[PDB]
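Heavy atoms only: backbone and side chains are in, while hydrogens, waters and symmetry mates are out. So that the names make sense, note that chain A is the first sequence line, chain B the second, and so on, each numbered from 1. In listed order, ligands and their atoms are each counted from 1.
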There are 2 protein chains.
Amino acid sequence: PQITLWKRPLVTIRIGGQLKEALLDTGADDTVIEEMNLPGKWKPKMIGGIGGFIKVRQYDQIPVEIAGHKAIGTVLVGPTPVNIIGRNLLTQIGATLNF
Amino acid sequence: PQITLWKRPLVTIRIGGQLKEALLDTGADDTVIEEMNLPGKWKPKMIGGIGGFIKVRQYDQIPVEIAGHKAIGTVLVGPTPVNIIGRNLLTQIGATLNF
Ligand SMILES: CC(C)(C)NC(=O)[C@@H]1CCCCN1C[C@@H](O)[C@@H]1Cc2ccc(cc2)OCCCC(=O)N[C@@H](CC(N)=O)C(=O)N1
């Protein structure tokens, strides 16, 4: 689909068999999801954003369905203000910026 | 044009008569520019993200050229690690997400 930016590019995603809302974020290198229970092992990690660094749980090869499109990759779980889908997963679904 | 997301979507912009490299960010509601002595009246503001909040100066009606595309709107100047072009200006240049 073609998405305009007059409103936040929020879409429904399915992760861990659970539906959630997430922001298509071209300005994010990684995908960061709000604290939740994901199966499998995780390694501690730190990522930075506008107001500093935060500690997150890194889960690898996690299946994520974005607007019906399949992706399998790294998902960081931590105290983020909103769920964001970053470039690591956006590239998997062939997302591009056009103008 | 069409921009892929293999790398950070960095483009050249022109603000206050200066050329800068900025990030096209669909996840940013506002445009945040690195510290610079821009002329004009401003109002104190606090914006948050991953990381917490940072203090910025809000400047309205600032002419910004993005890849040859003229635009004008609110620009927040503060201690940001990178120049961020948010949705407030992306909509003006007709930018869209496609997948
Ligand atoms: C207006 C304002 C910029 C404050 N909004 C945001 O930061 C909102 C808040 C809610 C969640 C999404 N973010 C936008 C998101 O694109 C932000 C904006 C941004 C901040 C700092 C950056 C680069 C981009 O420097 C490199 C810092 C490394 C980086 O890419 N950080 C990403 C997250 C990540 N590690 O994948 C990020 O926070 N991206």
Quiz item: What residue and heavy atom of the protein are closest to atom 39 (N) of ligand 1, and at what distance?
Solution: A/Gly27 O, 3.3 Å
Quiz item: side-chain hydrogen bond (donor to acceptor under 3.5 Å, both in side chains): which pairs involve residues 13-25 of chain B, sequence neighbours left out?
Solution: B/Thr12-B/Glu21, B/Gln18-B/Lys20
Quiz item: Among all residues two or more places apart in sequence or in another chain, which pass the side chain to side chain donor-acceptor pair (under 3.5 Å) test with B/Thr96?
Solution: B/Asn98
Practice problem: Give me the ring orientation class for A/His69 and B/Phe99: parallel if the planes are under 30° apart, tilted from 30 to 60°, perpendicular past 60°. | Solution: perpendicular
Self-check item: Single hit among B/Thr31, B/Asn88, B/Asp60 for side-chain hydrogen bond (donor to acceptor under 3.5 Å, both in side chains) with B/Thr74
Solution: B/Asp60
Quiz item: B/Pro81 heavy atoms, cut-off 4.0 Å: which ligand 1 atoms fall inside?
Solution: 25 (O)
Quiz item: Which heavy atom in A/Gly48 sits nearest to a heavy atom in B/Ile50, and how many Å separate them?
Solution: C-CG2, 4.5 Å
Quiz item: Tell me: protein heavy atom nearest atom 32 (C) of ligand 1, and distance?
Solution: A/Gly48 O, 3.8 Å
Quiz prompt | Part of B/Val82 within contact of ligand 1 (heavy atoms, under 4.0 Å) | solution = side chain
Quiz prompt | Step-by-step side chain to side chain contact (heavy atoms under 4.5 Å, CB included) determination, B/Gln61 to B/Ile72 | solution = CA-CA 6 Å; B/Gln61 293 293 288; B/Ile72 183 170; 3.9 Å; yes
Quiz item: Are side-chain heavy atoms of A/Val75 and A/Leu38 found at a separation under 4.5 Å?
Solution: yes
Quiz item: What protein heavy atom is closest to atom 36 (O) of ligand 1, reported as residue, atom name and distance in Å?
Solution: A/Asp30 N, 2.8 Å
Practice problem: Number the atoms of ligand 1 from 1 as they appear, then name those within less than 4.0 Å of a heavy atom of A/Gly49, with their elements. | Solution: 21 (C), 38 (O)
Practice problem: Please write down residue, atom name and distance for the protein heavy atom closest to atom 26 (C) of ligand 1. | Solution: B/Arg8 NH1, 3.8 Å
Exercise. Report whether B/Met36 and B/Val64 are members of the same hydrophobic cluster (ILVMFWY, side-chain heavy atoms less than 4.5 Å apart, transitive linking).
Key: yes
Quiz item: Heavy-atom contacts under 4.0 Å between A/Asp29 and ligand 1: side chain, backbone, both, or neither?
Solution: both
Exercise. Would you name the heavy atoms of B/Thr26 and A/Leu24 that are closest together and state the gap between them?
Key: OG1-O, 2.6 Å
Practice problem: Check ligand 1 against A/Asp25 and write out every atom of the ligand that is under 4.0 Å from a heavy-atom position of the residue. | Solution: 12 (C), 14 (C), 15 (C), 16 (O)
Quiz item: How does A/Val32 reach ligand 1, if at all, at less than 4.0 Å between non-hydrogen atoms: by side chain, backbone, both, or neither?
Solution: neither
Self-check item: Closest protein heavy atom (residue, atom, distance) for atom 3 (C) of ligand 1
Solution: B/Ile84 CD1, 3.7 Å
Quiz prompt | Region of A/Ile50 that comes within reach of ligand 1 [heavy atoms, distance under 4.0 Å] | solution = both
Exercise. Under 4.0 Å, heavy atoms only, figure out whether ligand 1 is touched by the backbone of A/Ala28, its side chain, both or neither.
Key: both
